[PDB]
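Trainee: This is the content of coords.txt (compact mmCIF, N, CA, C and O atoms):
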# COMPACT_ATOMS: atom_id res chain seq x y z
N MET V 1 -17.10 -22.24 6.96
CA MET V 1 -17.50 -20.95 7.58
C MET V 1 -17.38 -21.02 9.10
O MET V 1 -18.21 -21.63 9.77
N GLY V 2 -16.34 -20.38 9.64
CA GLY V 2 -16.14 -20.38 11.08
C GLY V 2 -14.82 -19.74 11.46
O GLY V 2 -14.53 -19.55 12.64
N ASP V 3 -13.99 -19.46 10.46
CA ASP V 3 -12.69 -18.85 10.67
C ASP V 3 -12.77 -17.33 10.64
O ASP V 3 -13.55 -16.76 9.89
N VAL V 4 -11.94 -16.67 11.45
CA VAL V 4 -11.90 -15.21 11.48
C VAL V 4 -10.75 -14.70 10.61
O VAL V 4 -9.58 -14.91 10.93
N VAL V 5 -11.09 -14.04 9.51
CA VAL V 5 -10.08 -13.52 8.59
C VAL V 5 -10.04 -11.99 8.60
O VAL V 5 -11.04 -11.33 8.32
N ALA V 6 -8.87 -11.43 8.90
CA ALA V 6 -8.68 -9.98 8.88
C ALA V 6 -8.06 -9.56 7.56
O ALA V 6 -7.59 -10.41 6.80
N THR V 7 -8.05 -8.26 7.27
CA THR V 7 -7.46 -7.79 6.02
C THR V 7 -6.72 -6.47 6.20
O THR V 7 -7.26 -5.47 6.71
N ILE V 8 -5.47 -6.47 5.74
CA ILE V 8 -4.57 -5.33 5.85
C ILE V 8 -4.08 -4.90 4.45
O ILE V 8 -3.32 -5.62 3.81
N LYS V 9 -4.57 -3.75 3.97
CA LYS V 9 -4.22 -3.27 2.62
C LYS V 9 -3.11 -2.23 2.65
O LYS V 9 -3.37 -1.04 2.81
N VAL V 10 -1.88 -2.66 2.43
CA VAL V 10 -0.73 -1.76 2.47
C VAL V 10 -0.43 -1.18 1.09
O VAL V 10 -0.44 -1.89 0.08
N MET V 11 -0.16 0.13 1.04
CA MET V 11 0.12 0.81 -0.23
C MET V 11 1.16 1.93 -0.05
O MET V 11 0.99 2.83 0.78
N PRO V 12 2.25 1.88 -0.84
CA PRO V 12 3.34 2.88 -0.79
C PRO V 12 2.91 4.23 -1.36
O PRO V 12 2.39 4.30 -2.48
N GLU V 13 3.13 5.29 -0.59
CA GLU V 13 2.78 6.64 -1.02
C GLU V 13 3.48 7.01 -2.33
O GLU V 13 2.93 7.74 -3.15
N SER V 14 4.71 6.53 -2.49
CA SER V 14 5.50 6.83 -3.68
C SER V 14 5.07 5.96 -4.86
O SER V 14 4.55 4.87 -4.68
N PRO V 15 5.30 6.44 -6.10
CA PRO V 15 4.95 5.70 -7.31
C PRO V 15 5.84 4.48 -7.51
O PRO V 15 5.66 3.71 -8.45
N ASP V 16 6.81 4.31 -6.61
CA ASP V 16 7.71 3.17 -6.65
C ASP V 16 7.14 2.04 -5.81
O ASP V 16 7.85 1.41 -5.03
N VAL V 17 5.85 1.80 -5.98
CA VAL V 17 5.14 0.78 -5.22
C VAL V 17 5.68 -0.62 -5.54
O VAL V 17 5.08 -1.36 -6.32
N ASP V 18 6.82 -0.96 -4.95
CA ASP V 18 7.41 -2.28 -5.15
C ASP V 18 6.57 -3.34 -4.46
O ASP V 18 6.69 -3.55 -3.25
N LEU V 19 5.67 -3.96 -5.21
CA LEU V 19 4.78 -4.97 -4.66
C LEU V 19 5.55 -6.18 -4.14
O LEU V 19 5.29 -6.66 -3.04
N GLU V 20 6.54 -6.63 -4.91
CA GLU V 20 7.33 -7.80 -4.52
C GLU V 20 8.23 -7.47 -3.34
O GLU V 20 8.45 -8.31 -2.47
N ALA V 21 8.74 -6.25 -3.31
CA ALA V 21 9.56 -5.82 -2.19
C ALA V 21 8.69 -5.70 -0.94
O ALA V 21 9.11 -6.03 0.17
N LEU V 22 7.46 -5.24 -1.15
CA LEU V 22 6.49 -5.11 -0.08
C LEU V 22 6.11 -6.49 0.45
O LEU V 22 5.75 -6.65 1.61
N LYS V 23 6.20 -7.48 -0.44
CA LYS V 23 5.88 -8.86 -0.09
C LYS V 23 6.71 -9.32 1.09
O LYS V 23 6.19 -9.92 2.04
N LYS V 24 8.01 -9.05 1.03
CA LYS V 24 8.92 -9.42 2.10
C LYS V 24 8.57 -8.67 3.38
O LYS V 24 8.58 -9.24 4.47
N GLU V 25 8.29 -7.38 3.24
CA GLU V 25 7.94 -6.55 4.38
C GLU V 25 6.61 -6.99 4.98
O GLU V 25 6.37 -6.85 6.18
N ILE V 26 5.74 -7.49 4.12
CA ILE V 26 4.43 -7.95 4.54
C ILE V 26 4.55 -9.10 5.52
O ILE V 26 3.83 -9.17 6.51
N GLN V 27 5.46 -10.03 5.22
CA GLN V 27 5.67 -11.18 6.08
C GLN V 27 6.15 -10.76 7.46
O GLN V 27 5.77 -11.35 8.47
N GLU V 28 7.01 -9.75 7.50
CA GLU V 28 7.57 -9.27 8.76
C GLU V 28 6.57 -8.40 9.52
O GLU V 28 6.69 -8.21 10.73
N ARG V 29 5.59 -7.86 8.79
CA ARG V 29 4.59 -7.00 9.39
C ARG V 29 3.38 -7.80 9.88
O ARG V 29 2.52 -7.28 10.59
N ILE V 30 3.31 -9.07 9.48
CA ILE V 30 2.21 -9.94 9.88
C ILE V 30 2.14 -10.09 11.40
O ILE V 30 3.16 -10.28 12.06
N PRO V 31 0.92 -10.04 11.98
CA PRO V 31 0.72 -10.21 13.42
C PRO V 31 1.39 -11.48 13.95
O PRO V 31 1.01 -12.59 13.58
N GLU V 32 2.39 -11.30 14.80
CA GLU V 32 3.13 -12.41 15.39
C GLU V 32 2.23 -13.36 16.19
O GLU V 32 2.71 -14.32 16.79
N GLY V 33 0.93 -13.09 16.19
CA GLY V 33 0.01 -13.92 16.95
C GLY V 33 -0.40 -15.17 16.20
O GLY V 33 -0.45 -16.26 16.77
N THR V 34 -0.71 -15.02 14.91
CA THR V 34 -1.12 -16.16 14.09
C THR V 34 -0.34 -16.21 12.78
O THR V 34 0.88 -16.03 12.78
N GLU V 35 -1.04 -16.45 11.68
CA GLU V 35 -0.40 -16.53 10.37
C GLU V 35 -1.20 -15.76 9.33
O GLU V 35 -2.32 -15.32 9.58
N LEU V 36 -0.60 -15.58 8.15
CA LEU V 36 -1.25 -14.85 7.07
C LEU V 36 -2.33 -15.70 6.41
O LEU V 36 -2.62 -16.81 6.84
N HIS V 37 -2.94 -15.15 5.35
CA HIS V 37 -3.99 -15.85 4.62
C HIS V 37 -3.73 -15.82 3.12
O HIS V 37 -3.28 -16.81 2.54
N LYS V 38 -4.01 -14.68 2.52
CA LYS V 38 -3.84 -14.49 1.09
C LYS V 38 -3.88 -13.00 0.75
O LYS V 38 -4.77 -12.28 1.19
N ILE V 39 -2.89 -12.55 -0.01
CA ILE V 39 -2.78 -11.13 -0.35
C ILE V 39 -3.46 -10.79 -1.67
O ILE V 39 -3.67 -11.66 -2.52
N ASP V 40 -3.81 -9.51 -1.84
CA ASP V 40 -4.49 -9.04 -3.04
C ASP V 40 -3.71 -7.92 -3.72
O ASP V 40 -3.31 -6.96 -3.08
N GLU V 41 -3.52 -8.04 -5.03
CA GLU V 41 -2.84 -7.01 -5.80
C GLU V 41 -3.84 -6.00 -6.35
O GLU V 41 -4.15 -5.99 -7.54
N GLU V 42 -4.40 -5.18 -5.46
CA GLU V 42 -5.40 -4.20 -5.85
C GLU V 42 -4.81 -2.79 -5.92
O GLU V 42 -3.91 -2.45 -5.15
N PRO V 43 -5.31 -1.96 -6.85
CA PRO V 43 -4.81 -0.61 -7.05
C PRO V 43 -5.53 0.42 -6.19
O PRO V 43 -6.64 0.20 -5.72
N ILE V 44 -4.85 1.54 -5.97
CA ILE V 44 -5.39 2.61 -5.13
C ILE V 44 -5.37 3.95 -5.85
O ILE V 44 -6.38 4.37 -6.41
N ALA V 45 -4.23 4.63 -5.81
CA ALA V 45 -4.08 5.92 -6.46
C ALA V 45 -4.16 5.80 -7.98
O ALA V 45 -4.81 4.90 -8.50
N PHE V 46 -3.48 6.70 -8.68
CA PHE V 46 -3.48 6.68 -10.14
C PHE V 46 -2.66 5.51 -10.67
O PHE V 46 -2.93 4.99 -11.75
N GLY V 47 -1.66 5.10 -9.89
CA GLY V 47 -0.82 3.99 -10.30
C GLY V 47 -0.22 3.23 -9.13
O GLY V 47 0.61 2.34 -9.32
N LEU V 48 -0.63 3.58 -7.91
CA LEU V 48 -0.11 2.93 -6.72
C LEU V 48 -1.01 1.77 -6.29
O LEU V 48 -2.09 1.97 -5.76
N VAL V 49 -0.54 0.54 -6.53
CA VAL V 49 -1.30 -0.65 -6.20
C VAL V 49 -0.94 -1.19 -4.82
O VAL V 49 0.22 -1.50 -4.54
N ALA V 50 -1.96 -1.40 -3.99
CA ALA V 50 -1.77 -1.91 -2.64
C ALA V 50 -1.94 -3.42 -2.60
O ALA V 50 -2.45 -4.03 -3.53
N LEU V 51 -1.52 -4.01 -1.49
CA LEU V 51 -1.64 -5.44 -1.28
C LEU V 51 -2.49 -5.73 -0.05
O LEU V 51 -2.14 -5.34 1.06
N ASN V 52 -3.62 -6.41 -0.26
CA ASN V 52 -4.52 -6.73 0.83
C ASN V 52 -4.15 -8.06 1.45
O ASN V 52 -4.61 -9.12 1.02
N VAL V 53 -3.32 -7.99 2.48
CA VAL V 53 -2.83 -9.18 3.17
C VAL V 53 -3.79 -9.62 4.27
O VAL V 53 -3.77 -9.08 5.37
N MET V 54 -4.57 -10.65 3.97
CA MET V 54 -5.51 -11.20 4.93
C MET V 54 -4.82 -12.19 5.85
O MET V 54 -3.70 -12.62 5.57
N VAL V 55 -5.47 -12.54 6.95
CA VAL V 55 -4.90 -13.47 7.92
C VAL V 55 -5.95 -14.44 8.45
O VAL V 55 -7.07 -14.04 8.77
N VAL V 56 -5.59 -15.72 8.52
CA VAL V 56 -6.51 -16.74 9.03
C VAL V 56 -6.24 -17.02 10.50
O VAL V 56 -5.17 -17.49 10.87
N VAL V 57 -7.23 -16.74 11.35
CA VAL V 57 -7.10 -16.98 12.78
C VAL V 57 -8.30 -17.76 13.32
O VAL V 57 -9.42 -17.62 12.81
N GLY V 58 -8.06 -18.57 14.34
CA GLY V 58 -9.13 -19.36 14.92
C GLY V 58 -8.73 -19.98 16.25
O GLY V 58 -9.22 -19.58 17.30
N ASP V 59 -7.83 -20.96 16.19
CA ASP V 59 -7.35 -21.63 17.39
C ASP V 59 -6.26 -20.80 18.07
O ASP V 59 -5.79 -21.14 19.15
N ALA V 60 -5.87 -19.71 17.42
CA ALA V 60 -4.84 -18.82 17.95
C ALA V 60 -5.33 -18.10 19.20
O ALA V 60 -6.15 -18.62 19.95
N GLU V 61 -4.83 -16.88 19.40
CA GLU V 61 -5.21 -16.08 20.56
C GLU V 61 -5.20 -14.59 20.21
O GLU V 61 -5.15 -14.22 19.04
N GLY V 62 -5.24 -13.75 21.24
CA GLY V 62 -5.20 -12.32 21.02
C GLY V 62 -3.79 -11.83 20.80
O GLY V 62 -3.52 -10.63 20.87
N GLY V 63 -2.89 -12.76 20.52
CA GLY V 63 -1.50 -12.41 20.28
C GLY V 63 -1.30 -11.69 18.97
O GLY V 63 -0.19 -11.25 18.65
N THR V 64 -2.38 -11.55 18.20
CA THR V 64 -2.31 -10.86 16.91
C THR V 64 -2.20 -9.36 17.13
O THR V 64 -2.06 -8.59 16.18
N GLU V 65 -2.27 -8.95 18.39
CA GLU V 65 -2.14 -7.55 18.76
C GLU V 65 -0.84 -6.98 18.21
O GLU V 65 -0.71 -5.77 17.99
N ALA V 66 0.11 -7.87 17.98
CA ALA V 66 1.42 -7.49 17.47
C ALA V 66 1.30 -6.72 16.16
O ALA V 66 2.16 -5.90 15.83
N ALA V 67 0.22 -6.97 15.43
CA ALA V 67 -0.01 -6.28 14.16
C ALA V 67 -0.12 -4.78 14.38
O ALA V 67 0.64 -4.00 13.80
N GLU V 68 -1.04 -4.38 15.26
CA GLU V 68 -1.21 -2.97 15.58
C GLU V 68 0.08 -2.39 16.14
O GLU V 68 0.39 -1.21 15.92
N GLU V 69 0.83 -3.21 16.88
CA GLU V 69 2.10 -2.79 17.44
C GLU V 69 3.07 -2.41 16.34
O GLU V 69 3.67 -1.33 16.36
N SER V 70 3.24 -3.31 15.38
CA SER V 70 4.12 -3.08 14.24
C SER V 70 3.61 -1.91 13.41
O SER V 70 4.37 -1.31 12.65
N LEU V 71 2.33 -1.60 13.57
CA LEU V 71 1.71 -0.50 12.83
C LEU V 71 2.19 0.84 13.37
O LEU V 71 2.25 1.83 12.64
N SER V 72 2.54 0.86 14.65
CA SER V 72 3.03 2.07 15.30
C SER V 72 4.35 2.52 14.69
O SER V 72 4.81 3.64 14.92
N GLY V 73 4.97 1.63 13.91
CA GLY V 73 6.23 1.94 13.26
C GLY V 73 6.40 1.18 11.96
O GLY V 73 7.51 0.92 11.52
N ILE V 74 5.27 0.83 11.36
CA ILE V 74 5.25 0.08 10.11
C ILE V 74 5.66 0.97 8.93
O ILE V 74 6.24 2.04 9.12
N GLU V 75 5.37 0.51 7.71
CA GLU V 75 5.69 1.26 6.50
C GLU V 75 5.19 2.70 6.59
O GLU V 75 4.03 2.98 6.28
N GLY V 76 6.06 3.60 7.03
CA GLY V 76 5.70 5.00 7.16
C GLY V 76 5.32 5.62 5.83
O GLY V 76 4.54 6.57 5.78
N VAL V 77 5.88 5.07 4.76
CA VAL V 77 5.59 5.55 3.41
C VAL V 77 4.37 4.83 2.85
O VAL V 77 3.52 5.43 2.19
N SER V 78 4.29 3.54 3.15
CA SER V 78 3.18 2.72 2.70
C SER V 78 2.12 2.61 3.78
O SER V 78 2.18 1.72 4.63
N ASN V 79 1.17 3.54 3.78
CA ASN V 79 0.09 3.50 4.77
C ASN V 79 -0.91 2.44 4.38
O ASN V 79 -1.27 2.30 3.21
N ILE V 80 -1.34 1.69 5.37
CA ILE V 80 -2.24 0.60 5.13
C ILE V 80 -3.67 0.94 5.50
O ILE V 80 -3.93 1.67 6.45
N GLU V 81 -4.60 0.34 4.76
CA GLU V 81 -6.01 0.45 5.07
C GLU V 81 -6.32 -0.63 6.08
O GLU V 81 -6.91 -1.66 5.76
N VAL V 82 -5.81 -0.42 7.29
CA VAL V 82 -5.91 -1.40 8.35
C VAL V 82 -7.28 -1.34 9.03
O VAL V 82 -7.39 -1.19 10.25
N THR V 83 -8.32 -1.40 8.21
CA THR V 83 -9.68 -1.37 8.70
C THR V 83 -10.53 -2.46 8.06
O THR V 83 -11.75 -2.50 8.24
N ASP V 84 -9.91 -3.31 7.23
CA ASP V 84 -10.65 -4.36 6.55
C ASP V 84 -10.77 -5.60 7.42
O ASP V 84 -9.85 -5.96 8.15
N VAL V 85 -11.92 -6.26 7.34
CA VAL V 85 -12.18 -7.45 8.13
C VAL V 85 -13.09 -8.43 7.39
O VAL V 85 -13.82 -8.04 6.48
N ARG V 86 -13.04 -9.69 7.79
CA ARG V 86 -13.85 -10.73 7.18
C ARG V 86 -14.20 -11.81 8.20
O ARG V 86 -13.51 -12.82 8.31
N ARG V 87 -15.26 -11.57 8.96
CA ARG V 87 -15.69 -12.50 9.98
C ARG V 87 -16.45 -13.68 9.37
O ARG V 87 -17.68 -13.64 9.24
N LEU V 88 -15.72 -14.73 9.01
CA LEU V 88 -16.33 -15.92 8.43
C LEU V 88 -16.89 -16.82 9.52
O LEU V 88 -16.24 -17.78 9.93
N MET V 89 -18.09 -16.50 9.99
CA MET V 89 -18.73 -17.27 11.04
C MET V 89 -19.61 -18.37 10.46
O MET V 89 -19.67 -19.47 11.06
Write out the structure in this file as structure tokens.

Mentor:
Amino acid sequence: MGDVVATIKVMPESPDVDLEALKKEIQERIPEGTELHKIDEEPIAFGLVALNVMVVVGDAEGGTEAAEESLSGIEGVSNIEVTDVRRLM
């Protein structure tokens, strides 16, 4: 208990929620500041399942700002619940 873990839940608006295809996009959307953690295959709409891509940060820096940056032009179809957090203090 001491690591800061964030959580980004991305979900495609279309019923063609390609989770595995999103997997590749997830890696490229990850904050260039640190590294990822572990993703979650959780459902949202009637059949649209999102992926909660968490990230493990600690010795890193505020370079994770790149995440919000990529959000300014991220999956326009797959809007993310970019409000999840997990402060493991």

Trainee: Which residues come within 5 Å of residue 51 of chain V, counting only N, CA, C and O atoms, excluding same-chain residues fewer than 4 positions away, as a VMD selection string?

Mentor: chain V and resid 8 to 10 40 to 42

Trainee: Interatomic distance between atom O of residue 15 of chain V and atom C of residue 29 of chain V?

Mentor: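 Separation between atom O of residue 15 of chain V and atom C of residue 29 of chain V: 21.8 Å.
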
Trainee: Counting all atoms listed in the file, write as a PyMOL selection string all protein and nucleic acid residues lying at most 8 Å from (-3.3, 7.1, -2.0) in the file's frame.

Mentor: chain V and resi 11-13+44-46+48+79

Trainee: Measure the distance from atom CA of residue 37 of chain V to atom CA of residue 72 of chain V in Å and round it to one decimal.

Mentor: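 These two atoms are separated by 22.0 Å.
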
Trainee: Might you pull out every residue within 10 Å of segment 24-26 of chain V, with only C-alpha atoms counted and same-chain residues fewer than 5 positions away left off, and present them as a CSV table (one decimal) with N, CA, C and O atoms, in the coordinates of the input?

Mentor:
chain,number,residue,atom,x,y,z
V,8,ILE,N,-5.5,-6.5,5.7
V,8,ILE,CA,-4.6,-5.3,5.8
V,8,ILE,C,-4.1,-4.9,4.4
V,8,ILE,O,-3.3,-5.6,3.8
V,10,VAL,N,-1.9,-2.7,2.4
V,10,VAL,CA,-0.7,-1.8,2.5
V,10,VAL,C,-0.4,-1.2,1.1
V,10,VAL,O,-0.4,-1.9,0.1
V,19,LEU,N,5.7,-4.0,-5.2
V,19,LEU,CA,4.8,-5.0,-4.7
V,19,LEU,C,5.6,-6.2,-4.1
V,19,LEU,O,5.3,-6.7,-3.0
V,31,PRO,N,0.9,-10.0,12.0
V,31,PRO,CA,0.7,-10.2,13.4
V,31,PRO,C,1.4,-11.5,14.0
V,31,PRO,O,1.0,-12.6,13.6
V,36,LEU,N,-0.6,-15.6,8.2
V,36,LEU,CA,-1.2,-14.8,7.1
V,36,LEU,C,-2.3,-15.7,6.4
V,36,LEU,O,-2.6,-16.8,6.8
V,39,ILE,N,-2.9,-12.6,0.0
V,39,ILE,CA,-2.8,-11.1,-0.4
V,39,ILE,C,-3.5,-10.8,-1.7
V,39,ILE,O,-3.7,-11.7,-2.5
V,51,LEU,N,-1.5,-4.0,-1.5
V,51,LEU,CA,-1.6,-5.4,-1.3
V,51,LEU,C,-2.5,-5.7,0.0
V,51,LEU,O,-2.1,-5.3,1.1
V,52,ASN,N,-3.6,-6.4,-0.3
V,52,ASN,CA,-4.5,-6.7,0.8
V,52,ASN,C,-4.2,-8.1,1.4
V,52,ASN,O,-4.6,-9.1,1.0
V,53,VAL,N,-3.3,-8.0,2.5
V,53,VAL,CA,-2.8,-9.2,3.2
V,53,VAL,C,-3.8,-9.6,4.3
V,53,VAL,O,-3.8,-9.1,5.4
V,74,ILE,N,5.3,0.8,11.4
V,74,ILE,CA,5.2,0.1,10.1
V,74,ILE,C,5.7,1.0,8.9
V,74,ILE,O,6.2,2.0,9.1
V,75,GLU,N,5.4,0.5,7.7
V,75,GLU,CA,5.7,1.3,6.5
V,75,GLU,C,5.2,2.7,6.6
V,75,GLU,O,4.0,3.0,6.3

Trainee: Which value, in Å to one decimal, gives the distance between atom CA of residue 69 of chain V and atom CA of residue 1 of chain V?

Mentor: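 Going from atom CA of residue 69 of chain V over to atom CA of residue 1 of chain V covers 28.5 Å.
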